[PDB]
Amino acid sequence: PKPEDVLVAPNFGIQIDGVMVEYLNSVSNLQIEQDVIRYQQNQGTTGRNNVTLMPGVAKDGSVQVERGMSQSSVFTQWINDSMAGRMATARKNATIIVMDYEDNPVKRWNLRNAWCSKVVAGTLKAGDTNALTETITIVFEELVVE
Amino acid sequence: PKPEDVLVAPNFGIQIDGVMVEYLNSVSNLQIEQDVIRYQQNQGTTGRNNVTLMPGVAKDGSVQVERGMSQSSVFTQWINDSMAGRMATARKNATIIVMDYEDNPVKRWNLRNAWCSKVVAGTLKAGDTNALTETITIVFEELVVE
Amino acid sequence: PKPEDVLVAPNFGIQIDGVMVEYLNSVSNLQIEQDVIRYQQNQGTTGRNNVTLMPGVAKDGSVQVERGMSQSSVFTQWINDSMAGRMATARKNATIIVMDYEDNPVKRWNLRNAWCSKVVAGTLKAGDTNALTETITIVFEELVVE
Amino acid sequence: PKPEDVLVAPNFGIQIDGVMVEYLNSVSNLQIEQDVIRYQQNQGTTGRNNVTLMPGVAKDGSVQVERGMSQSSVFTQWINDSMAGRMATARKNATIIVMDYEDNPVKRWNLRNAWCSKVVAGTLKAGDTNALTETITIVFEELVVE
Amino acid sequence: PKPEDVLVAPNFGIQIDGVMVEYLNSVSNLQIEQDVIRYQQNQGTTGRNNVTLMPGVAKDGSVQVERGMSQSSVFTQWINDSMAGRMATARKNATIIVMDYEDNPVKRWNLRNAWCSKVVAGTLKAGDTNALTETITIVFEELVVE
Amino acid sequence: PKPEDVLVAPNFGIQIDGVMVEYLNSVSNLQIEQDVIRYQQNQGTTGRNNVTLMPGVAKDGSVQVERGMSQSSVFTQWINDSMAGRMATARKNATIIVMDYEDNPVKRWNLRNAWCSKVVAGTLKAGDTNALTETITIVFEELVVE
Amino acid sequence: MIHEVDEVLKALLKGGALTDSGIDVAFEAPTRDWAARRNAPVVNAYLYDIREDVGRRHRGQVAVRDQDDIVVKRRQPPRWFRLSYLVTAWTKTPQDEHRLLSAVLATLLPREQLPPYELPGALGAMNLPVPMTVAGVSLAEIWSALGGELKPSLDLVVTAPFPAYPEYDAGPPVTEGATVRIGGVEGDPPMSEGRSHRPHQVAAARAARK
Amino acid sequence: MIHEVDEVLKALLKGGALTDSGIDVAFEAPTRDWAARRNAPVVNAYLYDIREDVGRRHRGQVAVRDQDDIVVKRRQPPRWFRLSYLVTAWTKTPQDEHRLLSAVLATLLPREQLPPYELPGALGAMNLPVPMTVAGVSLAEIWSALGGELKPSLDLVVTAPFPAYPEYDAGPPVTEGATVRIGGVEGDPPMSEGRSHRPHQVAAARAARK
Amino acid sequence: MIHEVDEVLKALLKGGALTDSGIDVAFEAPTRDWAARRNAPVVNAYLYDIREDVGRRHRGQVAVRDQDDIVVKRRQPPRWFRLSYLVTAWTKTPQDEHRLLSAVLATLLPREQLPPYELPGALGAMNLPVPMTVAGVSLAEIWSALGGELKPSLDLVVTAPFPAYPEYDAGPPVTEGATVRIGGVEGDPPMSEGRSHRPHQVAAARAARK
Amino acid sequence: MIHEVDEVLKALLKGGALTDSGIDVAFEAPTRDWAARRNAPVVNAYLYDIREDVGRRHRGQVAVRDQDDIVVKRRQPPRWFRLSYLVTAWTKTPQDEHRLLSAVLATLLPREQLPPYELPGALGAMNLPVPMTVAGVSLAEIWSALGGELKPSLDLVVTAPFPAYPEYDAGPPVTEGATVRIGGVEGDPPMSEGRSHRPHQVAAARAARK
Amino acid sequence: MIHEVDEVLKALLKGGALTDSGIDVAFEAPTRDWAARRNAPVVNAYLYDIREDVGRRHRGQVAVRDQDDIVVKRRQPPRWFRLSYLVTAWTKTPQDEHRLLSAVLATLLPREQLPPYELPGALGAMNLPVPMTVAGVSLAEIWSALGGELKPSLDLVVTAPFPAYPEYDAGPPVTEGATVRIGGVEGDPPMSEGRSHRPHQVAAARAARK
């Protein structure tokens with residue numbers, strides 16, 4: 001039907017080149033932001049005020065991915081590669097996919113020059129019922145919605 | 001009846017020139033704000049204090065629109081046009097309409113030189129139930145209520 | 001009976017000269033305020049401390065009245081007259097009356113040279129049930145209780 | 001019985017010289033505070049660290065009393081006297097008394113040179129199932145517990 | 001049994017030399033803190049980064065003992081002695097004890113040169129149900145756990 | 001099975017060389033941090049904007065273990081050793097182990113040059129029902145996951 | 001005004017999209033005894049509770065004027081009351097009950113508010129819109145206290161404006177204008193009559209009203 | 001002072017806008033047994049619970065003076081208690097019940113508070129307003145507690161100013177003024193009588209008292 | 001569109017993994033009386049309540065156009081309603097009941113959203129997905145409401161897209177273009193017709209539509 | 001001490017404003033069976049629950065000394081328990097019930113606390129005030145669990161200070177003073193006896209006690 | 001270990017301060033049927049729920065060593081469970097019931113925890129204190145679900161430690177010390193045996209254990 005008619009369910013997925021990750025528990029907000037510059041001036045003759053707000057540089061940042069802790073240490077290896085300065089292999093291209101009810105990719109966010117920066121272990125409490133969560137802050141230089 | 005007698009229900013709509021958007025889920029606050037300048041002085045002969053409050057300039061602002069995100073990427077194309085510097089076509093006149101019970105326009109906020117500045121995807125959760133939303137921040141130089 | 005023996009119910013009203021406003025949903029805090037000015041000095045010969053607080057100039061504020069959104073645009077016209085600089089007619093004298101039972105005015109707050117400076121429309125939501133609320137910020141140079 | 005054995009109930013009261021006030025709904029915290037000065041030094045010979053924190057000047061404060069709004073305007077007259085600079089009569093001595101079950105004064109706090117600084121009217125809202133409250137912020141140069 | 005095996009119940013007590021206080025209602029956190037100095041350096045020949053964290057000085061603190069306010073004014077007399085500069089008698093050694101099941105002192109905190117700084121009364125409310133609390137802030141120079 | 005297939009339950013443990021600690025009630029977040037440096041540049045001949053993110057030094061942190069208060073004072077002796085400057089024995093290597101359902105260590109966090117810097121006693125209340133909690137802050141120059 | 005809303009609901013349900021058959025709308029409490037006697041497909045519209053819409057209350061002295069463009073009465077804004085109706089469909093076959101409930105939903109959805117002219121005389125005298133919410137947003141406890149058994153139902157909310165008119169009267173209009181007397185605060189100069197508005201000023205003020 | 005509030009409610013309901021028919025106002029609990037015996041249109045005003053308005057409580061030694069303009073007693077401000085009434089209309093036909101409830105709501109709406117003139121002797125001796133709130137915001141559990149069945153109802157809240165009467169007695173008035181004795185703190189100069197207020201000062205104070 | 005939903009549920013339950021035995025799907029209320037008469041393994045799919053999905057509601061004038069690529073109707077986005085079904089399995093042996101419940105969950109698991117190519121005519125005309133949740137997320141009170149006994153159950157939530165179209169008509173299309181009139185604000189110069197769009201401009205506008 | 005509080009309540013109710021008629025105060029549970037047998041106007045004071053006032057608890061080794069001004073015992077502060085009483089009035093007429101409830105409110109209002117000079121021996125040995133709140137601040141559930149029917153009631157809360165007696169005994173008093181032994185930490189100089197307090201120091205210490 | 005707690009409670013109640021008469025402590029559910037058969041003053045101690053004290057849980061490999069000062073077992077800290085008892089006193093007279101409840105409170109107050117030797121072998125083997133709280137914290141719902149009528153009751157909470165037994169077996173002790181092998185990472189120099197600890201170092205390490 002119409003592109004606006006079909007809604008999108010929270011059925012998503014990720015794909016990182018070189019990092020073997022299949023599923024995630026949640027993904028933080030992905031923002032496409034642009035700087036805005038405001039300038040106020042006065043007309044030389046008449047004197048009325050004109051405010052002109054325009055375009056800046058594209059704003060990048062880092063979306064966060066969290067998963068269930070397990071034996072696998074792909075994010076550990078990623079942050080270790082990034083920590084030793086081997087950024088020729090640490091900088092990877094990522095993709096975040098949001099699919100329809102038929103599991104056909106509807107929207108894709110491509111992430112250029114993305115490398116993991118912060119890995120956080122979930123708080124371990126003695127009588128905690130919930131499983132343990134690992135938080136990853138992937139910093140990417142560019143985000144291109146497709 | 002009297003203009004004050006008839007109340008207004010939260011039945012609204014938007015019209016952006018060049019962007020094919022028909023319905024929204026929520027709209028942020030629309031403020032018409034003026035700067036206030038406070039000046040305190042003392043009478044020269046008697047010493048009494050007089051504080052005067054006078055006017056500033058019309059303030060520019062931005063209102064966020066959050067729609068149920070889908071396959072349609074009208075706001076994506078808008079922010080792409082704004083990001084590459086093509087501000088001749090990126091700046092559009094917008095209108096926010098609030099209607100009565102008879103679906104008859106009552107208030108029409110006209111928004112001059114409006115271009116999208118930020119597109120945010122809602123947080124994605126595996127066990128999420130409600131639909132995943134999209135937030136749009138639009139900055140308008142002028143907001144005249146008609 | 002005694003002046004202290006009669007309590008006050010939230011049965012209030014407003015009256016702005018030139019602005020046709022009949023009823024208000026709520027009114028913010030209006031206070032009469034003053035500046036305290038501490039100064040500490042030691043008594044000179046013996047050294048004992050002596051801090052003194054003393055009166056300073058009185059203060060202007062900003063009483064805001066909120067009214068349900070309707071067709072009437074009295075506040076819109078007020079702020080429009082404000083933004084154009086025509087303050088010969090924009091600066092008005094206002095009164096906030098609060099009365100006990102039998103509809104007999106008990107207390108009156110007179111706002112001298114009151115002038116609106118901000119009009120905010122309530123957030124619009126599709127599933128919203130409550131009526132739209134308009135917030136008006138009316139700043140005043142002087143407030144006299146009577 | 002023992003002074004520590006008998007507890008204290010919130011059967012409080014106030015007495016202001018020149019201001020005719022009988023009852024209050026609540027009274028804010030009354031603090032007896034003293035400045036503390038910390039100094040760190042090292043022994044000249046051995047080098048061990050000694051931190052000496054001592055006594056400062058007593059501090060003035062601002063106890064606040066809130067009551068039920070009524071026709072009486074004793075606080076209005078107090079703040080009017082303070083606002084006109086007539087501090088010879090505006091500066092009064094106040095007393096806050098906390099009594100026992102038999103309503104025999106147990107504790108007394110004396111406020112020296114205390115004059116009203118701020119008067120705030122409670123927010124007025126239509127359909128509010130509560131009495132209107134007036135808040136009075138009274139500053140004092142000295143508070144002595146007796 | 002083992003020292004780790006036996007748990008500790010909130011059965012505590014206080015002892016201030018010269019101040020006749022026997023029971024309290026609550027005691028704030030008792031922190032034994034030491035400053036940490038971080039220094040980052042680079043190896044001269046190889047360029048590797050070494051961050052070293054070393055020790056500072058013991059820190060003084062303050063604990064806010066709170067009790068049921070009564071006719072007794074031991075803390076009032078303490079703060080009065082401290083307020084007039086008579087610090088020879090104002091500085092007292094203190095002990096905070098936490099005991100076992102059979103009221104056997106298990107943990108003891110000894111407080112050196114402790115004098116009360118601030119005394120706060122509770123919020124006297126007309127419709128208040130529970131008793132009236134009194135808060136005491138005591139500043140120290142050395143807190144040694146024994 | 002697969003390393004990603006087996007989840008991790010909150011079954012953990014600690015091991016500090018020289019400090020006899022067997023069990024803990026909770027452990028704060030363990031973060032592996034790396035500084036990110038953002039640099040913006042413009043192409044000299046074409047004028048396009050390039051923003052580059054690139055690695056920084058590894059960051060040291062502090063994880064705060066907590067236990068049930070008891071007679072044992074291992075952390076007290078640790079902080080006493082650190083306070084007197086005897087850091088030849090105060091600096092210890094620590095390990096945090098997270099195991100599987102077979103009580104088999106799955107994840108290990110090794111902490112290099114770790115010494116306690118803050119011991120906090122839980123708030124004591126007369127009517128408290130829970131047990132007394134001791135909070136310990138341990139600072140690590142280096143954290144290596146294994 | 002509760003019965004006015006009832007009549008409105010009955011007319012809307014009978015004259016809505018359910019014109020295929022002569023269904024019966026009843027306001028009786030849907031208890032077990034009531035349910036054990038009915039023998040025809042019916043729609044129950046039982047009133048459940050009455051609450052005041054405190055969020056739509058306005059306080060102020062509304063001026064009421066006659067044909068002479070002069071205010072003669074001072075009233076107060078009406079207070080809005082929320083009336084809740086439990087709406088159920090009763091039919092022998094459960095699928096028929098579901099179809100009847102769907103028909104009721106279809107016939108009640110498009111009416112967000114109510115125009116004043118379609119309302120009865122008592123309700124239409126206010127000339128104000130009457131909001132109507134269907135299944136906007138505990139039902140087990142309501143059914144248990146009612147005495148019946150749990151069934152799918154509609155929580156129809158109707159906002160009826162009850163006028164809290166005190167009918168306070170105002171003073172007679174001022175026709176001679178205002179007179180100002182001036183003098184000394186301490187009384188050293190005797191207070192004067194001070195005259196009043198000139199006839200031409202009064203005439204101009206009267207003419208400027210139009 | 002509940003035997004005055006109930007009488008005021010009965011007089012208001014009988015003497016309000018429901019003068020067309022002589023309806024009966026009853027305070028009996030609207031249980032099933034009570035509902036199964038009535039045979040006439042009635043209005044039930046069952047008392048539900050009593051609570052103290054802790055938000056309107058005031059503490060302070062209020063002075064009570066006689067005709068001599070001298071305080072002779074010390075008392076405490078009255079404590080306000082909230083009384084809740086479940087108001088229902090019982091009639092054979094449901095539409096008649098709805099119109100009776102509408103009439104009751106219309107006759108109870110205009111009275112936000114109650115002047116002491118309307119109140120009886122015991123409550124009117126206070127010379128204080130008695131707030132009366134209709135509706136204004138669990139009813140299923142309450143109706144189950146009485147054993148009755150859920151019906152549309154009105155929650156009438158009345159704030160009765162109950163008295164607190166410790167009635168402390170003040171000392172005799174000071175007529176001969178105040179006397180002050182002065183001397184040395186350590187007792188080196190013996191304390192003197194110090195005299196007292198002159199008769200001129202006492203006369204001036206008694207004249208300025210008016 | 002509740003009958004369509006229950007028909008879809010019946011078809012899915014019969015056509016799912018429940019192929020080995022022809023069990024019976026019933027929408028009757030699982031009360032004690034209903035449970036005391038059944039003698040075959042059955043699946044109860046009782047509808048509990050209807051609620052509106054306020055979070056998925058969208059407001060705006062949706063344009064509807066004919067084959068001429070010109071809008072002729074203005075409607076509103078559909079309103080989503082949440083229908084809840086209590087799903088239980090009844091069999092003479094508790095282990096068989098557990099097996100039946102496991103089979104039912106097994107088939108309702110992969111039904112996130114129902115594609116509109118298998119729904120009936122009324123639901124299929126929407127061409128919109130119909131979300132279905134089996135156990136996304138009080139059950140004791142709910143079971144006590146019908147008078148039944150607590151049993152393991154599934155809370156099947158279906159989001160039916162009910163229509164709320166006002167079908168407001170739009171004006172006739174503009175074929176002659178736009179004409180502008182210009183002049184003095186105070187009327188000093190006489191007004192002019194100002195002409196309109198040239199025919200080549202209209203032709204270019206009509207050609208650029210494709 | 002519950003059977004101390006009950007006696008105090010009975011004496012207060014009998015000796016208060018309920019002097020005109022000798023009503024009966026009963027602590028029996030106001031169930032339907034109990035209510036169906038009484039034939040005289042009575043006041044029910046049924047105990048509802050016992051809860052410890054955790055907010056008023058104090059912990060510390062309180063010293064207890066004999067006539068010699070020397071501590072001989074170590075005890076703990078008493079722990080306060082909140083006893084709740086449901087107070088109801090029963091008679092043959094609702095207006096008389098309201099009158100009795102108002103009289104009970106009037107007689108219980110002026111007693112915020114209870115001085116220890118009228119309490120029985122067990123309560124009087126404490127020499128501590130006993131706070132009493134009448135209606136400071138769910139009653140439907142309490143009445144349903146009790147078995148009775150909802151009626152207006154008073155929630156009388158009494159704070160009884162139950163005693164926590166550890167009776168920790170204290171060592172014999174020090175009469176010979178304190179002796180100090182000094183020496184080297186490593187033991188290079190042998191430890192000395194160091195003597196003790198001189199007799200005049202002990203005499204001065206014993207004299208300064210007074 | 002629940003039966004151990006029950007035996008401890010029975011011994012404490014029988015051997016406490018209620019030695020005047022031979023009262024009977026029963027753990028039977030205080031339903032109406034149970035209450036209608038007893039004919040002697042009794043104390044009911046009905047345990048009604050079991051919950052885990054998650055706030056006192058500790059995780060870690062606790063080392064268990066034999067007489068040789070070498071660890072041979074690895075266990076886990078015990079997990080604490082909160083057992084809650086409703087304690088009631090039943091006697092023919094309400095004042096006697098209040099007196100019995102007061103006696104029970106008096107005899108249960110001075111025991112915050114329990115010494116390990118007092119408890120029987122099964123719970124005394126842990127050698128850990130067992131907290132006991134009679135102060136208490138919904139009682140109406142508990143009484144309704146139990147079957148009996150609401151009565152003044154005590155909520156007694158006992159924290160019983162249940163050990164966990166993942167008794168992992170540690171490896172044999174190291175007696176020959178540690179041997180280290182050194183060499184090149186790329187294998188250019190062959191790995192050497194590297195020897196091990198000298199006998200005198202091993203002897204010194206063994207002797208330093210004492």
# chains A, B, ... in the order shown; residues from 1 in each chain; ligands from 1
>>> residues_around(residues="residue 19 in chain A", least_positions_apart="4", cutoff="8 Å", atoms="only C-alpha atoms", output="list in words")
residues 74, 75 and 78 of chain A
>>> write_last_selection(atoms="N, CA and C atoms", output="PDB file, in the first residue's frame")
ATOM      1  N   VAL A  74      33.264 -10.478  21.494  1.00  0.00           N
ATOM      2  CA  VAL A  74      33.528  -9.753  20.255  1.00  0.00           C
ATOM      3  C   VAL A  74      33.714  -8.266  20.532  1.00  0.00           C
ATOM      4  N   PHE A  75      32.901  -7.699  21.428  1.00  0.00           N
ATOM      5  CA  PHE A  75      33.066  -6.296  21.791  1.00  0.00           C
ATOM      6  C   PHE A  75      34.348  -6.073  22.581  1.00  0.00           C
ATOM      7  N   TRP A  78      36.957  -5.920  19.991  1.00  0.00           N
ATOM      8  CA  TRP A  78      36.839  -4.651  19.280  1.00  0.00           C
ATOM      9  C   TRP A  78      37.488  -3.517  20.065  1.00  0.00           C
TER      10      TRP A  78
END
>>> interface_residues(of="chain G", to="chain D", cutoff="8 Å", atoms="only C-alpha atoms", output="ChimeraX atom specification")
/G:54-55,57-59
>>> select_by_dssp(residues="range 46-131 of chain B", states="strand (DSSP E)", output="ChimeraX atom specification")
/B:49-58,61-68,92-99,105-121,124-125
>>> closest_residue(among="E:77, E:49, E:64, E:24", to="chain A", atoms="only C-alpha atoms")
E:49
>>> interface_residues(of="chain E", to="chain D", cutoff="7 Å", atoms="only C-alpha atoms", output="PDB file with N, CA and C atoms, in the first residue's frame")
ATOM      1  N   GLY E  68      14.621  12.742  68.872  1.00  0.00           N
ATOM      2  CA  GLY E  68      13.310  13.234  69.249  1.00  0.00           C
ATOM      3  C   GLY E  68      13.441  14.482  70.100  1.00  0.00           C
ATOM      4  N   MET E  69      12.944  15.612  69.600  1.00  0.00           N
ATOM      5  CA  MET E  69      13.095  16.873  70.316  1.00  0.00           C
ATOM      6  C   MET E  69      12.302  16.839  71.616  1.00  0.00           C
ATOM      7  N   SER E  70      12.938  17.266  72.703  1.00  0.00           N
ATOM      8  CA  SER E  70      12.339  17.212  74.029  1.00  0.00           C
ATOM      9  C   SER E  70      12.721  18.481  74.784  1.00  0.00           C
ATOM     10  N   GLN E  71      12.476  18.475  76.096  1.00  0.00           N
ATOM     11  CA  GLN E  71      12.826  19.626  76.921  1.00  0.00           C
ATOM     12  C   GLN E  71      14.335  19.762  77.092  1.00  0.00           C
ATOM     13  N   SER E  72      15.074  18.662  76.967  1.00  0.00           N
ATOM     14  CA  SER E  72      16.519  18.704  77.146  1.00  0.00           C
ATOM     15  C   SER E  72      17.173  19.552  76.061  1.00  0.00           C
ATOM     16  N   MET E  83      29.558  28.710  70.092  1.00  0.00           N
ATOM     17  CA  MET E  83      29.258  29.965  69.411  1.00  0.00           C
ATOM     18  C   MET E  83      29.994  31.151  70.018  1.00  0.00           C
ATOM     19  N   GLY E  85      32.998  31.107  71.254  1.00  0.00           N
ATOM     20  CA  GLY E  85      34.428  30.956  71.119  1.00  0.00           C
ATOM     21  C   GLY E  85      35.101  30.127  72.188  1.00  0.00           C
ATOM     22  N   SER E 117      27.930  22.001  64.900  1.00  0.00           N
ATOM     23  CA  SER E 117      27.966  23.155  64.011  1.00  0.00           C
ATOM     24  C   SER E 117      26.578  23.738  63.770  1.00  0.00           C
ATOM     25  N   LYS E 118      25.618  22.903  63.378  1.00  0.00           N
ATOM     26  CA  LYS E 118      24.277  23.357  63.044  1.00  0.00           C
ATOM     27  C   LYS E 118      23.242  22.533  63.794  1.00  0.00           C
ATOM     28  N   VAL E 119      22.216  23.212  64.304  1.00  0.00           N
ATOM     29  CA  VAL E 119      21.070  22.573  64.942  1.00  0.00           C
ATOM     30  C   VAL E 119      19.839  23.006  64.156  1.00  0.00           C
ATOM     31  N   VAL E 120      19.085  22.039  63.655  1.00  0.00           N
ATOM     32  CA  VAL E 120      17.912  22.296  62.828  1.00  0.00           C
ATOM     33  C   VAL E 120      16.683  21.716  63.505  1.00  0.00           C
ATOM     34  N   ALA E 121      15.610  22.496  63.537  1.00  0.00           N
ATOM     35  CA  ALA E 121      14.322  22.022  64.015  1.00  0.00           C
ATOM     36  C   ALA E 121      13.497  21.502  62.842  1.00  0.00           C
ATOM     37  N   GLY E 122      12.540  20.633  63.157  1.00  0.00           N
ATOM     38  CA  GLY E 122      11.673  20.073  62.147  1.00  0.00           C
ATOM     39  C   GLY E 122      10.641  21.070  61.657  1.00  0.00           C
ATOM     40  N   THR E 123       9.922  20.665  60.616  1.00  0.00           N
ATOM     41  CA  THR E 123       8.869  21.493  60.030  1.00  0.00           C
ATOM     42  C   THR E 123       7.622  21.345  60.891  1.00  0.00           C
ATOM     43  N   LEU E 124       7.365  22.342  61.734  1.00  0.00           N
ATOM     44  CA  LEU E 124       6.190  22.324  62.600  1.00  0.00           C
ATOM     45  C   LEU E 124       4.938  22.468  61.746  1.00  0.00           C
ATOM     46  N   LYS E 125       4.191  21.379  61.595  1.00  0.00           N
ATOM     47  CA  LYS E 125       2.971  21.362  60.803  1.00  0.00           C
ATOM     48  C   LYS E 125       1.770  21.158  61.716  1.00  0.00           C
ATOM     49  N   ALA E 126       0.680  21.867  61.415  1.00  0.00           N
ATOM     50  CA  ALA E 126      -0.509  21.798  62.257  1.00  0.00           C
ATOM     51  C   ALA E 126      -1.111  20.399  62.256  1.00  0.00           C
ATOM     52  N   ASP E 128       0.413  17.600  61.517  1.00  0.00           N
ATOM     53  CA  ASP E 128       1.455  16.588  61.595  1.00  0.00           C
ATOM     54  C   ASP E 128       1.078  15.504  62.597  1.00  0.00           C
ATOM     55  N   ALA E 131       6.186  12.585  65.681  1.00  0.00           N
ATOM     56  CA  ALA E 131       6.838  13.510  66.595  1.00  0.00           C
ATOM     57  C   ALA E 131       7.709  14.498  65.822  1.00  0.00           C
ATOM     58  N   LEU E 132       8.306  15.431  66.555  1.00  0.00           N
ATOM     59  CA  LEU E 132       9.127  16.483  65.972  1.00  0.00           C
ATOM     60  C   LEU E 132      10.599  16.124  66.131  1.00  0.00           C
ATOM     61  N   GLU E 141      37.703  16.335  63.063  1.00  0.00           N
ATOM     62  CA  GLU E 141      39.009  16.417  62.431  1.00  0.00           C
ATOM     63  C   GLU E 141      39.618  15.055  62.144  1.00  0.00           C
TER      64      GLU E 141
END
>>> atom_distance(atom1="CA of residue 112 in chain D", atom2="CA of residue 142 in chain D")
5.2 Å
>>> select_by_dssp(residues="chain D", states="helix (DSSP H, G or I)", output="PyMOL selection string")
chain D and resi 74-83+87-90
>>> write_last_selection(atoms="N, CA, C and O atoms", output="CSV table (one decimal), in the first residue's frame")
chain,number,residue,atom,x,y,z
D,74,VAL,N,-2.5,41.8,58.0
D,74,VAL,CA,-1.5,42.2,58.9
D,74,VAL,C,-0.1,42.1,58.3
D,74,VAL,O,0.8,42.9,58.4
D,75,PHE,N,0.1,41.0,57.5
D,75,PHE,CA,1.3,40.8,56.8
D,75,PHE,C,1.5,41.8,55.6
D,75,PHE,O,2.6,42.2,55.3
D,76,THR,N,0.4,42.1,55.0
D,76,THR,CA,0.4,43.2,54.0
D,76,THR,C,0.8,44.5,54.6
D,76,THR,O,1.7,45.2,54.0
D,77,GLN,N,0.3,44.9,55.7
D,77,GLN,CA,0.7,46.1,56.4
D,77,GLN,C,2.2,46.0,56.8
D,77,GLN,O,2.9,47.0,56.7
D,78,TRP,N,2.6,44.9,57.3
D,78,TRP,CA,4.0,44.7,57.7
D,78,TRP,C,4.9,44.9,56.5
D,78,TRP,O,5.9,45.7,56.6
D,79,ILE,N,4.7,44.3,55.4
D,79,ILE,CA,5.5,44.4,54.2
D,79,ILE,C,5.4,45.8,53.6
D,79,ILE,O,6.4,46.3,53.0
D,80,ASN,N,4.3,46.5,53.8
D,80,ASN,CA,4.1,47.8,53.3
D,80,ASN,C,5.0,48.8,54.1
D,80,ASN,O,5.6,49.7,53.6
D,81,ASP,N,5.0,48.6,55.4
D,81,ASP,CA,5.9,49.4,56.3
D,81,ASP,C,7.3,49.1,56.0
D,81,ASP,O,8.1,50.1,56.0
D,82,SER,N,7.7,47.9,55.7
D,82,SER,CA,9.1,47.6,55.4
D,82,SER,C,9.4,48.2,54.0
D,82,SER,O,10.6,48.6,53.8
D,83,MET,N,8.5,48.2,53.1
D,83,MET,CA,8.8,48.7,51.7
D,83,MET,C,9.0,50.2,51.6
D,83,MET,O,9.7,50.6,50.7
D,87,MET,N,11.9,51.5,58.8
D,87,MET,CA,12.4,50.3,59.5
D,87,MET,C,12.4,50.5,61.0
D,87,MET,O,12.7,49.6,61.7
D,88,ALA,N,12.2,51.7,61.5
D,88,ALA,CA,12.1,52.0,62.9
D,88,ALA,C,10.9,51.2,63.5
D,88,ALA,O,11.0,50.7,64.7
D,89,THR,N,9.8,51.1,62.8
D,89,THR,CA,8.7,50.3,63.2
D,89,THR,C,8.5,49.0,62.5
D,89,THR,O,7.8,48.1,63.0
D,90,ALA,N,9.2,48.7,61.4
D,90,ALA,CA,9.1,47.5,60.7
D,90,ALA,C,9.9,46.4,61.4
D,90,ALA,O,9.5,45.2,61.3
>>> interface_residues(of="chain H", to="chain J", cutoff="6 Å", atoms="only C-alpha atoms", output="list in words")
residues 1, 2, 3, 48, 49, 51, 52, 142, 145, 146 and 164 of chain H
>>> residues_around(residues="range 180-185 of chain H", least_positions_apart="2", cutoff="10 Å", atoms="only C-alpha atoms", output="PyMOL selection string")
chain H and resi 178+187-197
